[PDB]
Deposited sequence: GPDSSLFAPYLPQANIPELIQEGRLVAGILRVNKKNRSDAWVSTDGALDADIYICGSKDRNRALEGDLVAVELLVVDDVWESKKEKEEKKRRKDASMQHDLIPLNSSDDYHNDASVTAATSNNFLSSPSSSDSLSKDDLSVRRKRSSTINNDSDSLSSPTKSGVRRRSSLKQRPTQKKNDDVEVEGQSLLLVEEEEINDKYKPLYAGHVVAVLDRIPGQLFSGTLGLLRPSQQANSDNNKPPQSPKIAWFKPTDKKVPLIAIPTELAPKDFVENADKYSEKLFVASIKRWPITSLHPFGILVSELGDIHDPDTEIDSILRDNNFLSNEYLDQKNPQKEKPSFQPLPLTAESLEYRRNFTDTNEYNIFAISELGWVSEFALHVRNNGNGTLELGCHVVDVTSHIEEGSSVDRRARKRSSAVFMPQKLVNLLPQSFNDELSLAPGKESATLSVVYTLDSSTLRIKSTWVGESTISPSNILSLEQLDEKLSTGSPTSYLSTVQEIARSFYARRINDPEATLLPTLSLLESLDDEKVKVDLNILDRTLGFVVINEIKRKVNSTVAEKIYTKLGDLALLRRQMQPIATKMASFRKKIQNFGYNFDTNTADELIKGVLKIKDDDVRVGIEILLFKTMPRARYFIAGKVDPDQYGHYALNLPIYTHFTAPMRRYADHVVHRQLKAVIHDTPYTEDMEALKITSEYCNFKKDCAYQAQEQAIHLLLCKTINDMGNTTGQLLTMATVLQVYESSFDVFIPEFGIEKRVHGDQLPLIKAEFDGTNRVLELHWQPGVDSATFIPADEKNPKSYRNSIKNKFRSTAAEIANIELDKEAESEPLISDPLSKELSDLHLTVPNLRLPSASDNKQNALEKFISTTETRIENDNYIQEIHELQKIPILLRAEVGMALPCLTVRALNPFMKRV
């Protein structure tokens, strides 16, 4: 409690007992991307909150994602530059220091939404690292003489000291020549005697803004080398020896047969750019009951457990889906040969529900090995077409009503309709296969199939836990920590919504009740920020009272429906077959624990890769749409107001960003913390679109490294956009429009004022007043505001930035 020197770690042997006595508690370390000097350790229900870790010393060289042992401290013993900290109305304009402004543009701008942050109840320091996924990789840049400094693009990773004996030979002399090159590094050691970790160079990726390098860098930074199947002789191809194993007649005879096309009309579901791994049938049984059959490719029946393919697929762990590219879980030969197709007989694992034909209540459930021969194959796009423009009593209409009844029971709302849906909560559990430029996009067809798969996964989880108990591989998702729920509740209450938030049940119903699409999306964004992603886990390692999946309002869950892209499903499939055949399941609980946590690591990496690649292409699209103006102008909704800044979200783009007062031509600002109202005092006649803050002409400012420096006046942007609106003409260039079309992506739509010159149409949406020489604009939560939108180009990742239009411009 005096100096700032790292303490050596406690020996591993002591921790197990010390945890049992309550002297230490274990948890996962997460660094605050905004304020990197601090970190939190989340407990798996071992305490009422997260443990605050203040400063570098108390973090004791732990890294993001580490499992750490922490010793608690008196919060008082443990116990500024932010313009978003928020008696009555008072002057609050805050100029962030150059370094803080620079860091904010990256942290806020390099993700689609804004990360959340916020004397704590608990505080501690790290006394040991209990576990770390080994061999983690980091993309970044290298600069300068015995040490070269590697700067990770991941801002939760500290600078890494690279002994210059590992950097390229001619780097010490011309380090500036490599400033625009991307490297991959790893952390090798971090002793108490060094303020920084030491690491090694793994690869040189290439030019920082080369499109292929950009994607390769995203993959490597998220630990996807994607080399498990390549042939040494020829690297362009995969090793032909990797092939699915065919089934013997002994198995095929024993499977429940669904191949008679006179009795079952099975349609395989395909996803754009991906295989078909899920198929369905609906059948009238004739005795007042219906049947919904749910069929999943029986991947593991083609893979010998422990074989080379299994190990290499376990290493990959998750497929990766990006708008620009996809990376398989399995060898290409498996995708091609195992993808469900009409007329092709395929081994499957099926969950078949018998339903009351009038209420659709589930009368019974069958789970077992099967064989199908699809009669049809539909894409989700084709499913959508048929569900909107088709007979309201058709085959597919019945599937929708079944999905709706599953959904209504899941969220405990009998009258529930499948839309509106919660796209962000879905992403807490899984990633998109067909990726959209807007993370908010979900179609009815996807939701129908998704709610059926959620029921199937629920059924399989219940079955394997009942029979295998402590060895079951399950998936849970923890409710928001009390403090974050209390913050979320305060926000929606300020909005005027006072619905119950004590259970996922009532909270989700309150959100879904909101008629205003913008508000409903905004509140979902706020809710999404309070929760970490779901986690695979082994049942015996967790209290059975904490198996719940909060976001899905399910008491138990696992992953069974996507074995072609998730390795966890392979484990679940092998567990289900043991239960089916009542054979002894003899896997070590500790081995399964290591398997589940690795699956968590690679799956969260696949999620990060997907959103990073979306963000990259979206920034390119935003800049192409404003190719002549250097920026876009669109209506946005205010989500949160602070003393010197405010957050806006743009549902048409699926982004949430922060307007900073110190980047606007202001005289002052006043903040009313009781009413959540920020009053901007504008400089009359100064266009925000072209304003350069005085402090950003410093060569230390991020602005100096901006490559796309040109900004047109606001009037020019308004004119071009509104003229094109009436005309139904595109802002996007023809080359990029072709690119997005090939990728089956949709150009974002602007939100324009539906009202006079073009600029005046935007300005008339603002709430303004002139008090003598004060030119005041009021910023209210959930108000619409015109926002200038740009992607700053220059860093490894572009930075989205937003500015309020000056309503007192000429």
Notebook entry, point to check: Going from the first residue of the deposited sequence to the last, where are the unmodelled runs?
Noted result: 1, 81 to 150, 158 to 163, 196 to 201, 228 to 244, 856 to 859, 915 to 916
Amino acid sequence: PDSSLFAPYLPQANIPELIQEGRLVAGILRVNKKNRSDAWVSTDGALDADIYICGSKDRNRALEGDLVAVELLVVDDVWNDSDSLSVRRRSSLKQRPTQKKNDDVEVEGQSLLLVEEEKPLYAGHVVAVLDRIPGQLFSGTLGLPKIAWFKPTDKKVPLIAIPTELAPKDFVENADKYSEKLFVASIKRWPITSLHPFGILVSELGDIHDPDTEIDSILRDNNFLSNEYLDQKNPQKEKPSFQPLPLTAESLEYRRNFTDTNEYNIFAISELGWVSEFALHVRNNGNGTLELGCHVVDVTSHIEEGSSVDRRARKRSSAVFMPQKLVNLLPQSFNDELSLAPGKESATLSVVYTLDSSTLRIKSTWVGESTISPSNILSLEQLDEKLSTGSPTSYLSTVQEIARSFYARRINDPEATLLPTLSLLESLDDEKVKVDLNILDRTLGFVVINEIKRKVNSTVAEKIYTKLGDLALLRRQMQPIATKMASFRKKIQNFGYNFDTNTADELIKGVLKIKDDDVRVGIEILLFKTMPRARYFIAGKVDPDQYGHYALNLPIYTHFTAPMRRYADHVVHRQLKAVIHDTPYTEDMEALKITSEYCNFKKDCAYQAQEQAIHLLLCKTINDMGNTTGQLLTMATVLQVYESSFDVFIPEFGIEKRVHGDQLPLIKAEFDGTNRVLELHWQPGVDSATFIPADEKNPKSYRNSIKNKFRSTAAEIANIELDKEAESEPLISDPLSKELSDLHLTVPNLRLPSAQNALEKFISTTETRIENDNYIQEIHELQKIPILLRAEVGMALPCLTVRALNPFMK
From here on, numbers count along this sequence of modelled residues.
Notebook entry, point to check: Is the mean CA B factor in the deposited entry higher across 297 to 305 or across 390 to 398?
Noted result: 390 to 398
Next item on the list: Using only the Cα atoms and their B-factors as the entry lists them, report which of 208 to 216 and 669 to 677 averages higher.
Entry: 669 to 677
Check: What's the residue among 626, 197, 286, 555 with the greatest CA temperature factor in the PDB record?
Finding: 286
Item checked: Selection by C-alpha B-factor (highest) of 114, 519, 418, 72 -> 72
Checklist line | Chain-relative CA temperature factor third for residue 747 | finding: middle
Notebook entry, point to check: Lowest, middle or highest third of the chain for the C-alpha temperature factor of residue 77?
Noted result: highest
Next item on the list: Would you please rank residue 263 by its C-alpha temperature factor against the other modelled residues of its chain and give the third it falls in: lowest, middle or highest?
Entry: middle
Note to self: Can you tell me whether residue 800 has a C-alpha B-factor in the lowest, middle or highest third compared with the other modelled residues of the same chain?
What the structure shows: lowest
Next item on the list: Within this chain's modelled residues, let me know which third the CA B factor of residue 145 belongs to: lowest, middle or highest.
Entry: highest
